[PDB]
Amino acid sequence: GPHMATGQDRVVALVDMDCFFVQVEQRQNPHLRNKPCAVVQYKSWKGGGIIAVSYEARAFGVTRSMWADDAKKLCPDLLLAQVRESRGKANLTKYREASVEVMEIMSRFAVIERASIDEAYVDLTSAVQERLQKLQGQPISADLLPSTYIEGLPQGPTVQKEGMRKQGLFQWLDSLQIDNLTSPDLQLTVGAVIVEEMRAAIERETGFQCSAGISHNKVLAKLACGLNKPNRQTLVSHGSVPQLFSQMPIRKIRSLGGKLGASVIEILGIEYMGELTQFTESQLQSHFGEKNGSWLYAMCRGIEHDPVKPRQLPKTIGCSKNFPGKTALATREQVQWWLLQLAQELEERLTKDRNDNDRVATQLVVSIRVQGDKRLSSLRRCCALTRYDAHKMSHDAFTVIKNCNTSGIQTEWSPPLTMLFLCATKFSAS
DNA sequence: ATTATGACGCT
DNA sequence: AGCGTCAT
Ligand SMILES: Nc1ncnc2c1ncn2[C@H]1C[C@H](O)[C@@H](COP(=O)(O)OP(=O)(O)OP(=O)(O)O)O1
Ligand SMILES: [Ca+2]
Ligand SMILES: [Mg+2]
């Protein structure tokens, strides 16, 4: 009843760029704009691996992870842009720098948590309170929400999508009580107005379009964001949760896309998020552990407490290359050359990071994979990172891994290496 | 023969 | 610490 918390204390948004790497390439090369196009890395093997796909191309069934030669079978006129190559490896600098552009604009509106290269969570709670004071009990015009969907509406008593969007919006605004400044539905609505403004600013100043979700926590904001893409934003109210979750596959919720989600389905014999409400907190804890059990118990009711962490910069800077099939490194000279290439890119990124962000990494992590292992990493060892120098870093990396060489021969490397990975971590202010 | 990342949890 | 999971 009156003591039962409802997880409506915050307004949280998740902003995610539409087909991000593609938009970066389309801004640079107008010939790619408004075309079925994809971004690919490498080229020799099957025309390269697709990593981002424009919405026009998705209509043909082109997807991420598809080989470009295969995508071309679905979409003969597919245009491609290739990821830059430096020191023999894909170099993602252009996209990282474009990411910074967006993150800096968002940070003008509120504190953000960088969640990936192309998305950030936003805690809008305080910004909403402020805007509410400005409004002075003034109603919110639908004009202020020109790209917003209200999940679950319209309902009750309509052919085209934009018209549906507006009907839903009008039902929502018609029911709002703007008299109450602590009304969670009102707070979300004002949050959506701010997110419209943030999204407009992003597009004006970068050229990039994005989608967004607005709700009361990160998981719902994230789910909302994906409900209407591209170039639209979705508000998921506390009230919409029971209907939304009643047919929502468990795997769609962030963190349940893998083995745990699979275990939830298997052990409990259920399919949808809403079916979780029927179990006690202790029951869920017994199957999935104290922490997961509590989290699932609240989450299936639309409640989640993870804070938007104030962190705009990545916590690690890493460089990685796979050496698949026949290209696996089988000589010490090979291993040393590629560690150097990786270390050189890393030094470059580290030096720029130190200048821009006044911090220095203190730990170097070195990871490899050996031919045969089905695991991402076979071995992960750390050493001290005392100087931003590529030759030293690569020499150190070699030293920590050199014992993995089964070969009785000094020159040879066995079993061959199918992945190398250098990662700088444990930053300190400088 | 996706690849190149990046965060966080467990013990 | 080194490993595993989940994600973009
Ligand atoms: N598995 C991956 N491997 C390599 N790069 C990836 C991978 N997943 C995502 N990326 C890169 C390319 C994407 O443009 C960018 C953002 O990813 P993501 O948000 O999942 O999709 P997207 O922005 O391309 O399309 P959407 O409009 O569906 O969000 O990160
Ligand atoms: Ca995206
Ligand atoms: Mg994303």
Side-chain angles (χ1 to χ4, degrees), chain A residues 14-22 38-53 63-71 82-96 99 113-121 218-219 222 225-226 251-263 288-292 295 306-307 309 311-328 342 345-346 349 363-369 371 373-384 400-401 418-427:
Chain A
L14 182 277
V15 176
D16 173 272
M17 310 306 295
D18 297 328
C19 54
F20 183 49
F21 287 14
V22 168
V39 169
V40 297
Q41 62 198 357
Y42 303 125
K43 205 96 230 298
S44 299
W45 188 266
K46 296 175 176 287
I50 287 175
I51 60 170
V53 190
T63 65
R64 165 172 303 136
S65 98
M66 192 167 278
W67 295 116
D69 287 344
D70 295 334
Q82 304 177 241
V83 178
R84 173 184 158 196
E85 276 171 64
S86 305
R87 309 186 193 78
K89 69 180 291 295
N91 188 298
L92 307 170
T93 300
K94 191 198 300 181
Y95 315 104
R96 292 194 181 96
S99 183
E113 178 181 344
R114 182 202 198 263
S116 69
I117 199 160
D118 91 318
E119 74 210 75
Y121 292 93
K218 294 203 287 185
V219 169
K222 172 59 173 180
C225 183
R251 68 176 176 279
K252 302 300 187 178
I253 284 59
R254 191 249 278 169
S255 88
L256 300 180
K259 291 176 181 179
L260 178 63
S263 86
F288 313 112
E290 192 175 8
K291 177 167 141 290
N292 289 329
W295 182 89
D306 191 34
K309 293 161 189 55
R311 183 186 55 75
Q312 199 184 333
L313 300 176
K315 288 190 172 192
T316 58
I317 299 186
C319 293
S320 174
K321 187 169 175 48
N322 286 0
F323 300 96
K326 201 168 163 300
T327 72
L342 280 181
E345 179 185 331
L346 186 56
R349 286 166 59 192
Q363 187 172 79
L364 179 74
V365 176
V366 186
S367 181
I368 68 182
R369 195 180 179 195
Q371 204 151 56
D373 199 338
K374 201 214 73 175
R375 305 178 297 172
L376 201 183
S377 164
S378 296
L379 172 134
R380 192 181 315 181
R381 295 280 198 271
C382 67
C383 66
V400 312
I401 73 166
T418 54
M419 181 275 294
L420 297 177
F421 165 87
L422 298 177
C423 186
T425 67
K426 296 196 181 305
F427 285 89

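The chains referred to below are lettered A, B, ... by the order of the sequence lines, with proteins before strands, and numbering in each begins at 1.
- In the displayed structure, A:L313 atom CG is contacted under 6.0 Å by more than 12 heavy atoms of other residues, nucleotides or ligands.
- Between A:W45 and A:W67, the ring planes lie perpendicular to each other; the angle is over 60°, past the 30° to 60° tilted range.
- Comparing the same atom, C1', in B:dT2 and in C:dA7 gives a spacing of 16 Å after rounding to whole Å.
- Taking side-chain N and O atoms only, A:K321 has a distance below 4.0 Å to OP1 or OP2 of B:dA4.
- Rounded to whole angstrom, the span from the CZ atom of A:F323 across to the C1' atom of B:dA4 amounts to 12 Å.
- Base engagement by A:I50 is indicated by at least one non-hydrogen atom pair under 4.0 Å involving a base atom.
- Dashed line: the shortest gap from a side-chain N or O of A:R349 to OP1 or OP2 of B:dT5 is under 4.0 Å.
- Contact annotation for A:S65: base contact, defined as any heavy-atom pair under 4.0 Å involving a base atom.
- In this structure, the nucleotide among B:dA1, B:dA4, B:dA7 sitting nearest to the side chain of A:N322 is B:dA4.
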With the criterion being N/O to N/O and under 3.5 Å, what pairs connect the protein with nucleotides 8-11 of chain B, and how long is each?
from  : atom 1 : to     : atom 2 : distance (Å)
B:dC8 : OP2    : A:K315 : NZ     : 2.9

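- With a cutoff of under 4.0 Å to any heavy atom of chain A, the contacted region of DNA chain C is bounded 5' to 3' by C:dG2 to C:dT8.
- The interatomic distance linking A:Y95 (OH) with B:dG6 (P) rounds to 15 Å, in whole Å.
- For the atom pair CG of A:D70 and OG1 of A:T63, the computed distance is 9.5 Å after rounding to the nearest 0.5 Å.
- Among the protein residues, A:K46 comes within range of no part of the nucleic acid, since none of its heavy atoms lies under 4.0 Å from any strand.
- Enclosure of atom CD in A:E85 by more than 12 non-hydrogen atoms of other residues, nucleotides or ligands within 6.0 angstrom is indicated.
- Listed by chain and number, the residues in a ring-ring contact (aromatic ring centres under 6.0 Å, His included) with A:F323 are A:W338 (sequence neighbours excluded).
- When heavy atoms are screened at a 4.0 angstrom cut-off, A:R96 is found touching the sugar-phosphate backbone but no base atom.
- Protein atom CG of A:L420 is 11 Å distant from nucleotide atom P of B:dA4, rounded to whole Å.
- The minimum heavy-atom distance linking A:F421 with A:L342 is given by the pair N-CD1, 4.1 Å.
- Nucleic acid contact for A:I117: none, since no nucleic acid atom lies under 4.0 Å from a heavy atom of the residue.
- Listed here is the closest heavy atom pair of A:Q371 and A:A328: NE2-CB, 3.8 Å.
- Between A:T316 and B:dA7, a side-chain N or O to OP1/OP2 separation shorter than 4.0 Å is present.
- Within 4.0 Å of A:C423, counting heavy atoms only, lies no atom of the nucleic acid at all.
- Minimum atom distance to the side chain of A:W45 is reached by B:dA1, of the listed B:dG6, B:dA1, B:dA4.
- Here A:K89 lies in heavy-atom contact (under 4.0 Å) with sugar-phosphate atoms only.
- Base engagement by A:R64 is indicated by at least one non-hydrogen atom pair under 4.0 Å involving a base atom.
- Counting non-hydrogen atoms under 4.0 angstrom, A:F421 reaches nothing in the nucleic acid.
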